[PDB]
C-alpha cells in the first residue's frame, strides 16, 4: 500500500557547479503542477527511469528534454545507462552551467538518486558523504544492492 501524490516534495542537489533534482512519478492529471515545479527549479533536462505512466508530450512541449532510460527495479543501472548519464550531464552542463537536470523513478528513493549519487562521486565527493547527502535530503534512499554497487564502483570521468 503505497502512494502516488503522497510522496514528499522533490529535492534539489547542488555540488561543484552542478544542480540536480530527484523527483517522483506523476500521472496524466498531474503534470501541469509537476512541470510547474520543473520550471520552478530551472530544469532543462528530465530523465525518466521508471516505466512510462505519463505522456512525454506535455513535458517536452514545455521545453524539457526527456529521456526514457528504464531498467529493472531494485537494480543498479547498466553500464550503457551510466555512460549516457555521464555524457548527458557533460553536454547539458556544457550548454548552460547552473542548469538543473532532473531525474525521477516511482519515488525518488530508487534508481534516480542512485544515478545522481554516481554523478556526485564522479565530481569529487566521497561515497559516504554522497549517500548521506542524498538520504539526508530525503530519508531512506537506497536498498542494500544499490548501496553495495554504490561502494564498489570507482570514478575517473570528470
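Residue numbers count along the first chain shown, from 1.
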Taking the recorded C-alpha temperature factors, which stretch has the higher mean, 29-37 or 97-105? 29-37
Return whichever of 111-119 and 127-135 has the greater mean Cα B factor according to the PDB record. 127-135
Of 61, 48, 90, 65, which one's C-alpha B factor is largest in the deposited record? 61
Test of reading the entry: by CA B factor among the chain's modelled residues, which third contains residue 23? lowest
Within this chain, which third does the Cα B-factor at residue 73 fall in: lowest, middle or highest? highest
Of the three thirds of the chain ranked by Cα temperature factor, residue 9 occupies the highest
Tell me, lowest, middle or highest third: where does the Cα B factor of residue 147 rank within its chain? middle
